[PDB]
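Descriptive structure summary
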Number of protein chains: 4
Amino acid sequence: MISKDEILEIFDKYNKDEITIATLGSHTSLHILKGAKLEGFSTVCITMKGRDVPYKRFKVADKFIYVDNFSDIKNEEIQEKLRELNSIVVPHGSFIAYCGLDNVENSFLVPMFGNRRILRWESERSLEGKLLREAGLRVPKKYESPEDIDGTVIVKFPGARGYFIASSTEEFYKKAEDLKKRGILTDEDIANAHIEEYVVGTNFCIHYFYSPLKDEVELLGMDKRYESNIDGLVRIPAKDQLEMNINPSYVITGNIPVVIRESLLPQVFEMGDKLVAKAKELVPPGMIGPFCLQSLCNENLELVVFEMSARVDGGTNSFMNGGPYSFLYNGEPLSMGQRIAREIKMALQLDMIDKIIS
Amino acid sequence: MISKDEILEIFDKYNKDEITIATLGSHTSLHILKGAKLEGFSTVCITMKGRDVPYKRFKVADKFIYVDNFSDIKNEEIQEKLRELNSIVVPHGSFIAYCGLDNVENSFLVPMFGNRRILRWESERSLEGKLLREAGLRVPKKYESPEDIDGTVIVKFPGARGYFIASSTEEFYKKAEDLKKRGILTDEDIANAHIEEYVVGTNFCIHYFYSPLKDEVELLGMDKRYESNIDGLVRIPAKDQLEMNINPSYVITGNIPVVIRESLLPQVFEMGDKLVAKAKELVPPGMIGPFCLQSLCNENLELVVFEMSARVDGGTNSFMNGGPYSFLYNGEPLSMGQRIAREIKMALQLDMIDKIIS
Amino acid sequence: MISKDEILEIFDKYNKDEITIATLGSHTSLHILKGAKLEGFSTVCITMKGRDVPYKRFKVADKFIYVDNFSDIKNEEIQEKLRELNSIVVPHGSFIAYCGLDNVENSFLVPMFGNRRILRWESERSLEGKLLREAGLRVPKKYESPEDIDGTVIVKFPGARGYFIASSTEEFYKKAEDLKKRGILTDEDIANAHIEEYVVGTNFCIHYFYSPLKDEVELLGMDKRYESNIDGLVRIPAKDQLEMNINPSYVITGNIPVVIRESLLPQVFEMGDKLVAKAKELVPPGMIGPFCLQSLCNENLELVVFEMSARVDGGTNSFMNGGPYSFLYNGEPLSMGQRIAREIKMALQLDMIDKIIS
Amino acid sequence: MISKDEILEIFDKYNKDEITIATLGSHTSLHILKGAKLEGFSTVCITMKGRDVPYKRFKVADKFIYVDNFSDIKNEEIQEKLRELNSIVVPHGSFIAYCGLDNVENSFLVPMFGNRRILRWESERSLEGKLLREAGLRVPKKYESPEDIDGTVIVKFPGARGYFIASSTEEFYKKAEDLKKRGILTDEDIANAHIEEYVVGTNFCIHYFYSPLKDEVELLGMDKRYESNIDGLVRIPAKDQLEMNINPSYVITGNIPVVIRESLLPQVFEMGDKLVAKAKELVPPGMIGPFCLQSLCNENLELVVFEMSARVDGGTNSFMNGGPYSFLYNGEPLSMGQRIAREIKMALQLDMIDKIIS
Ligand SMILES: Nc1ncnc2c1ncn2[C@@H]1O[C@H](COP(=O)(O)OP(=O)(O)CP(=O)(O)O)[C@@H](O)[C@H]1O
Ligand SMILES: Nc1ncnc2c1ncn2[C@@H]1O[C@H](COP(=O)(O)OP(=O)(O)CP(=O)(O)O)[C@@H](O)[C@H]1O
Ligand SMILES: Nc1ncnc2c1ncn2[C@@H]1O[C@H](COP(=O)(O)OP(=O)(O)CP(=O)(O)O)[C@@H](O)[C@H]1O
Ligand SMILES: Nc1ncnc2c1ncn2[C@@H]1O[C@H](COP(=O)(O)OP(=O)(O)CP(=O)(O)O)[C@@H](O)[C@H]1O
Ligand SMILES: NC(=O)c1ncn([C@@H]2O[C@H](COP(=O)(O)O)[C@@H](O)[C@H]2O)c1N
Ligand SMILES: NC(=O)c1ncn([C@@H]2O[C@H](COP(=O)(O)O)[C@@H](O)[C@H]2O)c1N
Ligand SMILES: NC(=O)c1ncn([C@@H]2O[C@H](COP(=O)(O)O)[C@@H](O)[C@H]2O)c1N
Ligand SMILES: NC(=O)c1ncn([C@@H]2O[C@H](COP(=O)(O)O)[C@@H](O)[C@H]2O)c1N
Ligand SMILES: [Cl-]
Ligand SMILES: [Cl-]
Ligand SMILES: [Cl-]
Ligand SMILES: [Cl-]
Ligand SMILES: [Cl-]
Ligand SMILES: [Cl-]
Ligand SMILES: [Cl-]
Ligand SMILES: [Cl-]
């Protein structure tokens, strides 16, 4: 389990005049890297043949560390190149996945922006729910078993895409079976089934930034998810949908910008404030930098959080050129990637790097 | 009924070197206030405990006038603080509502950007329709009674959310009853029922600005509404929707940016030109500053206006950092809030304040 | 058939110090013209009474060539005004249509940005499919006859809006007949019927720019289409849709910005690279400047191209003030219109005009 | 004598995705490095303890190559670090001096922006005069010996500061002797004495840029020299100067911005055009990038060139934030350093690196 001192004392051997920002070339790296450049940093992008073109043509990376496959980023060899470049790593979804979250927590000896420990509170549904519940945030009702279904529910399986909607116990088994005989779910997944209230409302994935330097939760932007096949499915007229044998899937393919009704911003900020206050208690020092509440706004104007991330969320890509909210601070086209880099910049200049790395 | 002279002569006692822009902290105030700052104004934000965080963290307000509840903004005490700060008030939805439109028309003795009189032509469906019809704009067919229904209609009740769709007289009563026994509509609302043609098409809420200084209608931007539960409802596959007992509601929760097919801009501009030419005749001096046509584009490329506002519409929040249309004028990230402030700026500099306040 | 030399030698008689950019006032002209101005060009806009207001109020045109009807832009009289203004014409959908594609290929003697020959590879479904197939891009399955239908298909008629969805041979004829007796399709259209796999997924219209100066395919932005009545139709709850007798139409009314999942950008770039490499072989010099792949992302994260353009696509209007992708290059609000003008600028400065005009 | 192929083939082994700009930390490096960063390059600054603070605090250097003394920059060890960083070196006064011009011409195996050969045409008074005379530029009259003095002359010695003014042969020896007995000049310097017409007029050091990509001479800015003790000496009232025993020295200490009378710009441009046309003939490929004519404007509005440089002149420091002339191109705060970096940028993108390096 990587210690702080184990990290601070690695950063102490860094050339503090040549500190770079590094990340894996995927997920949200385009504005992580662009944002870094805009803040005056030189940037390092871990990449591989076949997947490096976007980073070359957008010209956001000063140095490339090529790997055979992204799984190699855990390798001690890459950790060394990174340390020799004085890189502070900015973590994201793809990086945690390809590196392996366990390798991240105790085998990845490179300074990393954010709270290293809290990355597993986002990966485990039990910890997430604990956090969200204890922070006092609205979540969907959970159902222990298919027999408890008394309304419309969504059912999630960590399997192969692993989703269906049900309005009764009977329907639950009809659909589970369908997906089983169709070769998408095994009985192991069917037992793992997570059943929750289906919330009917508008999607707001809210992107926050907690600055430990300023001790302030900031609102940076919002997106709604664009998912396949579901957003294609519901674009088929009902009469034709009824003639089809098609199951909804919810694969993230993209994002669409959205802004919320302004009278709801006090709720939005309170939600971020609460998450932050509680996460300080449960996982010190708490949330560091970017975090996302993925919510649904019901007809009673209550935001229900069905998901959260403890680092930068893919939806930040929707405002790489700045957004309506990020503009208000200083009238600039500020991305989340640039807001991260600036926190790193300040921290270095104020000699408070210990507030933002681990 | 607040006179012009009653207002001009209050503005004459203003320190013309220290003129501020004020508004209530809600609805569209973020870019009203940010836009003001960007134009060099000091800004005043009426706010209250529990609802002030967004305005503090986005740093758009130089001075805060705190109230116990937003209903107090009609109070003579707040009118005085505002007058002592040399504030020109920028009105919007939440402000007119919390102040009370009657208090606005004859009890609110603070200079106000726009045409004070015309604020009630947006609040009364009879005046709106009169205006839109007389301006020569396409509107949905109206139906006098449930018995006149010969197609799909939408039905609106000023009640508690108060909407349903019907394709027959019989269906109208089936649904009215459902909502009655469900405790959403009383027979008073059911009689008040407004029935109109359901227009099937794409939503464009078009944001215009009429400059009385330039005598020109400008196009600033467009959004589509993001409403709950309807936009959540239609995201459920048809087969599952049929298994649910759920009524559509249309609560505004947010906005999504959109641009229109360019060949349709002459229609768009003609619509704004017509609204303006007629409103000059019907309510002198007519439209002043921001106004919105909320339209649906049918398959015949005709924009049908189902609603309008005579001040700044919430949808302007979608381009607080500028939009595709607002950019064209000077290549700037121009919000509606900033366009309002600039009109105020010019007016002061050209000594033509009488063209924009009342 | 307009020769290159026939064009180069017309451009040689041009005052190379006074080169302007011209286009017809429609489709995408707002940012074509604005982009030109931003790059230092004087701009020419072909327009007509009743349709000139947007170009006057947005102030993007320095000179107006008025016509009686846009059909007159083929007239030798307009070709001369254009040549006397040293105009390089930027072609787009509306221009090719109003001028007539045949008049464009051999009767329009004005220098034109792009590959003149390739404009008809976008107009003919046989050439398009050839190109896309030979480039190795995923396309929807084609069906030779209604009898071959073994899934859900979409059916396209070049007629009056000319679309329907079918899941069986029987349904195909039920619907064809409906549209026939309804006066939308004649038996000539019904024979012309193009049947293809209905792809269920998320719409990404991807806007690329191939720079022959840099020999590089660039990603500029993405939109999703906003079509009527379909996007209005599917916003009606299923229960109400079933009570209606309504056919879906797919008239382009507007666009909504979207960004793609970042891990998919290597696929996105590969697709543009492949299209470009093949079009060089099939229609020398190949793609010049703006081109669009109109795709659907299925649940397997495969982009299926159902359409393409070989010039600037209307969807570029969604980022006239720049977009998340166009920002990354130099942190600027770069439109496609401005990217076109810059290529023209460079070409002139480097004396490589022969790489971009025809 | 470093060959082109010897350099091109070293640059061919460069990672063309990671090309940096390098220079020695002095002379004009601040805007060479800042300009590079602004164009998207990562920057390398050769520096040493005691002289690195300005480059650290202005944050213009991403990587530092420390040396013991600047004389070490000729060392094969530094040439290697530079080659491993894919650095293109931007040469300037201090760099040529500390490296040694002979080491530069045939011992410095790093790609270098500009025409390597022509660096010695600026170092030798005979070549300079040849060039300037053959280009057809006005220069001060030369005098072969003190006996030829028939007016006011300035006398230059390459010695220890080594200057005096004389109006007669007698005065020449009076002053030479004074400086000899004072320990500033030895008889070797006194024989080396260069005597030329003293031009009475206004100093314009004109900074040009020849773009081989565009084949165009550009005007970037102008400064006047600020020299000690002379500019301090002449600030003493005449009556007091006569009471002092003080000799004028002309040590460059700084620069002051100046703009020229606009009617003189055709002369200014013609001078740069002529220098460039001739230097192409005399030293192929001629002038590459920045060059300076150091001139005096006599009362007849004729610019007399008393000096020139074939690379970037220290006076460019006066417009590191852009100047009145550099602004006109694109309304940007363009330094010479940034104009150099942009030429490098373009060259790489257009695959024309062979036009700018040697
Ligand atoms: N309680 C709920 N009610 C209604 N819809 C829900 C829901 N929970 C999830 N969804 C829909 O299903 C999608 C997938 O939800 P999930 O909880 O799997 O998010 P996620 O972000 O963890 C999946 P991934 O990480 O693969 O993007 C959501 O984006 C949302 O559109
Ligand atoms: N004639 C019509 N046809 C189809 N849809 C309609 C319609 N009139 C309204 N709608 C839908 O119902 C929603 C509510 O319409 P309404 O006329 O109540 O607008 P509004 O702006 O006055 C309500 P609020 O002020 O609460 O936002 C609209 O945003 C639109 O989506
Ligand atoms: N294979 C397919 N599967 C699913 N939907 C499809 C499809 N092909 C087309 N569509 C839908 O139908 C619309 C019209 O498609 P079409 O192929 O006519 O594009 P287009 O751009 O040539 C028509 P226009 O030129 O008039 O805009 C598309 O925008 C898409 O929404
Ligand atoms: N012919 C002339 N008439 C009048 N003044 C002259 C002159 N030649 C030079 N000077 C003055 O003497 C100064 C030094 O001139 P010099 O010819 O040594 O330039 P330089 O740039 O080669 C010296 P350094 O390289 O040390 O700056 C000039 O900057 C100018 O002010
Ligand atoms: N664009 C997005 O919203 C997004 N993109 C990726 N992700 C999440 O990040 C994870 C890794 O992304 P990728 O599979 O593209 O490498 C995915 O499993 C997904 O949960 C997102 N939420
Ligand atoms: N974001 C919006 O479009 C929006 N936000 C608010 N409004 C209108 O302004 C009125 C007051 O807003 P609020 O209820 O958020 O204080 C609301 O009733 C609604 O009609 C909107 N149209
Ligand atoms: N906004 C758009 O996407 C768009 N606007 C126009 N078009 C295409 O250009 C053609 C010409 O446009 P217009 O009919 O607006 O003159 C249309 O038939 C359509 O295919 C588009 N794709
Ligand atoms: N600021 C200037 O004009 C300037 N600074 C330096 N130089 C020239 O560059 C040569 C090297 O500069 P330095 O001595 O500062 O290292 C000096 O001998 C001088 O001729 C200048 N012309
Ligand atoms: Cl985030
Ligand atoms: Cl994510
Ligand atoms: Cl508005
Ligand atoms: Cl509103
Ligand atoms: Cl395009
Ligand atoms: Cl198009
Ligand atoms: Cl120079
Ligand atoms: Cl110099």
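Structure determination for this entry is recorded as X-ray crystallography, at 2.10 Å resolution.

Turning to the overall build of chain A, a few remarks are in order. Broken down by element type, chain A carries 13 helices and 14 strands. On the principal axes, the C-alpha backbone points of chain A span a range of 65 × 45 × 40 Å. As displayed, chain A has an accessible area near 12,600 Å², and 47% of this comes from carbon and sulfur atoms.

Here we come to the site of ligand 5. Taken together, the residues surrounding ligand 5 are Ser26, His27, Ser94, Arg225, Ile252, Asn255, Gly314 and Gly315 of chain A together with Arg261 and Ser263 of chain C. Chain contributions to the surroundings of ligand 5 come from chains A and C. In this structure, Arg261 of chain C approaches ligand 5 through a side-chain N or O atom, which is 2.4 Å from an oxygen atom. The fraction of the free accessible surface of ligand 5 (470 Å²) that becomes covered by protein chains is 72%. The class makeup of the residues in the shell around ligand 5 is one nonpolar, seven polar and two charged. Residue assignment places the shell around ligand 5 across two domains, with domain 1 (1-111) and domain 2 (112-139 + 201-358) of chain A each supplying three or more.

Its rotation angle being 180°, the transformation that places chain D on chain A also includes 0.0 Å of axial translation and leaves an RMSD of 0.0 Å. In the structure described here, the two chain copies are related by an operation that fits a two-fold rotation axis. Nearest to the rotation axis, the C-alpha of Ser42 of chain D is located 3.2 Å from it, this being the minimum over chain D. Both copies share a contact surface, since 100% of the interface residues of chain D are interface residues in chain A too.

Between chain C and chain A, the superposition needs a rotation of 120° and an axial shift of 0.0 Å, giving an RMSD of 0.0 Å. A rotation of that kind, with that shift, is consistent with a three-fold axis. Among all residues of chain C, the one whose C-alpha sits closest to the rotation axis is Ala238 of chain C, at a distance of 3.1 Å.

To continue, consider the site of ligand 8. Residues and elements named next belong to chain D. The local shell around ligand 8 consists of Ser26, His27, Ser94, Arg225, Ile252, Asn255, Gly314 and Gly315. A distance of 2.5 Å separates an oxygen atom of ligand 8 from a polar side-chain atom of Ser94. A distance of 3.0 Å separates an oxygen atom of ligand 8 from a polar side-chain atom of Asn255. A breakdown of the residues in the shell around ligand 8 according to their chemical character gives one nonpolar, six polar and one charged. Mapping the shell around ligand 8 onto the domain boundaries places at least three of its residues in each of domain 1 (1-111) and domain 2 (112-139 + 201-358).

What follows deals with the domain arrangement of chain A. Assigned domains within chain A: domain 1 (1-111), domain 2 (112-139 + 201-358) and domain 3 (140-200). Relative placement of domain 1 of chain A and domain 3 of chain A: their C-alpha centres are 38 Å apart.

Bringing a negative patch on the surface into the picture now. Together, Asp5, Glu6, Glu9 and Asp12 of chain A line one region of the surface with negative charge. Take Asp12 of chain A: it is sitting in the loop between α1 (4-11) and β1 (20-24).

This next bit is on a nonpolar patch on the surface. A contiguous nonpolar surface patch, about 190 Å² in accessible area, is contributed by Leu242 of chain A, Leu242 of chain B together with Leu242 of chain C. Along the chain, the position of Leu242 of chain A falls in helix α11 (residues 238-242). Note on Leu242 of chain A: relative accessible area 32%, which makes it partly exposed.

Time to look at the interface of chain C and chain A. With 53 residues of chain C at the contact, the number on the chain A side is 47 residues. Here chain C and chain A share an interface that buries about 4,200 Å² over both sides, 60% of which is from carbon and sulfur atoms. Contact with chain A buries area across many residues of chain C, yet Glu262, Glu299 and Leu328 of chain C alone supply 19% of it, more than any other trio. At the boundary of chain C with chain A, the tally comes to five salt bridges. Between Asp231 of chain C and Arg235 of chain A there is a salt bridge whose closest N-O contact spans 2.9 Å. At the boundary of chain C with chain A, the tally comes to 20 residue pairs in polar contact. Looking at the side of chain C that touches chain A element by element, the count peaks at five residues for strand β10 (residues 216-229) of chain C. When grouped by side-chain class, the residues that make up the side of chain C that touches chain A number 30 nonpolar, 13 polar and ten charged.

All right, on to the pattern of salt bridges then. Two side chains that carry opposite charge are able to pair once their charged atoms sit near each other. Taken as a whole, this structure holds 113 salt bridges over all chains when the rule is applied. Between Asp102 of chain D and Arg120 of chain D there is a salt bridge, with its nearest N and O atoms 2.9 Å apart. Pair noted here: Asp102 of chain D is in helix α6 (residues 101-106) and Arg120 of chain D is in the loop between α6 and α7 (125-134), with a separation of 18 residues, a long-range link. The class of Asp102 of chain D is partly exposed, set by a relative accessible area of 47%. Judged by relative accessible area, which is 24%, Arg120 of chain D ranks as partly exposed. Members of the salt-bridge network, linked through shared partners, are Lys214, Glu216, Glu218, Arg339 and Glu343 of chain A.

All right, on to the interface of chain D and chain A then. When the parts come together, some accessible area is lost, and that loss is often what is quoted as the size of the interface. If you look at the interface, chain D gives ten residues, while chain A gives ten residues. Surface buried jointly by chain D and chain A totals about 940 Å² across both partners, of which 36% is contributed by carbon and sulfur atoms. At the junction of chain D with chain A, the criterion picks out two salt bridges. The partner of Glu18 of chain D in a salt bridge is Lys63 of chain A, and the shortest N-O contact between them spans 3.2 Å. Taken together, the connections running from chain D to chain A amount to seven residue pairs in polar contact. Classifying every residue of the side of chain D that touches chain A by side-chain character gives two nonpolar, two polar and six charged.

In this section: the sheet that holds strand β3 (residues 63-66) of chain A. All names here are of chain A. Reading across the sheet, the four strands line up as β3-β2-β1-β4 and stay open at both edges, with parallel pairing between neighbours. The open sheet has two edge strands, β3 and β4 (87-89), and neither has a second partner. Shown here is a sheet whose adjacent strand axes are inclined to one another by a mean of 30°, direction ignored. In this structure, β1 lies alongside strand β2 (residues 43-47), joined through four bridges in parallel fashion. Bridging across to β2, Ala22 finds its partner in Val44.

Residues and elements named next belong to chain D. In terms of residue burial, strand β12 (residues 289-297) counts as a mostly covered element, since nine of its nine residues are buried. Of the strand pairs in this sheet, strand β9 (residues 202-211) and β12 are connected by nine bridges, and their pairing is antiparallel. Residue pairing in the sheet places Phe209 in a bridge with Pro290 of β12. The hairpin formed by β12 and strand β13 (residues 303-309) contains five residues between the paired strands, and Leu301 there has a positive phi angle of roughly 60°.

A word on helix α13 (residues 336-350) of chain A. Residue and element names in this part refer to chain A. If you check α13, its first and last C-alpha atoms are 21 Å apart, about what 15 residues at 1.5 Å a residue would give, namely 21 Å. The set of residues buried in α13 consists of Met336, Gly337, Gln338, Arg339, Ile340, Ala341, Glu343, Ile344 and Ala347. Looking at the packing, one finds that the buried side of α13 touches β1, α2 (29-38), β4, β9 (202-211), β10 (216-229) and β13 (289-297). The N-capping residue of α13, defined by a side-chain oxygen 3.4 Å from the backbone nitrogen of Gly337, is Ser335. Of the residues trailing α13, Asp351 is marked for its positive phi of about 55°.

All names here are of chain A. With respect to the helices and strands, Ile19 occurs in the loop between α1 and β1. For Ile19, a relative accessible area of 8% corresponds to the buried category. Sequence separation of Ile19 and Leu85 is 66 residues, and the distance between their C-alpha atoms is 7.4 Å. With sequence-adjacent residues up to four places away left out, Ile19 is seen in contact with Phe11, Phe41, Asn86, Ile88 and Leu348.

Rules used in this analysis
- Residues numbered from 1 in each chain as written, not as in the entry; some residues may be left out.
- Chains lettered and ligands numbered in written order.
- Part of a larger assembly, values for the part shown.
- Heavy atoms only, no water.
- Helix = DSSP H or I, 4+ residues; strand = E, 2+ residues; numbered from the N terminus.
- Areas by Shrake-Rupley, 256 points an atom, 1.4 Å probe, with all protein chains shown as cover.
- Near = heavy atom within 4 Å.
- Polar contact = N/O pair within 3.5 Å; in protein donor to acceptor, adjacent residues only side chain to side chain.
- Nonpolar A, V, L, I, M, F, W, Y, C, P; charged D, E, K, R; others polar.
- Domains from an automatic or database assignment.
- Least-squares fit on C-alpha atoms.
- Contact = heavy atoms within 4.5 Å.
- Patch = residues over 30% accessible without salt bridge, like charges linked within 9 Å, V, L, I, M, F, W, Y side chains within 5 Å.
- Salt bridge = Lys/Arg side-chain N within 4 Å of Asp/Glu carboxyl O.
- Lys, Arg positive; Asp, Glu negative; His and termini not counted.
- Charge placed at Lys NZ, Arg CZ, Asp CG, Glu CD.
- Buried < 20%, exposed > 50% of the residue type's maximum accessible area, 1.4 Å probe, protein only.
- Buried area = accessible area lost by both parts, 1.4 Å probe.
- Pairing = 2+ DSSP bridges.
- Axes fitted to C-alpha atoms, helices over the stretch in contact; angles between N-to-C directions.
- Expected span 1.5 Å × (residues − 1).

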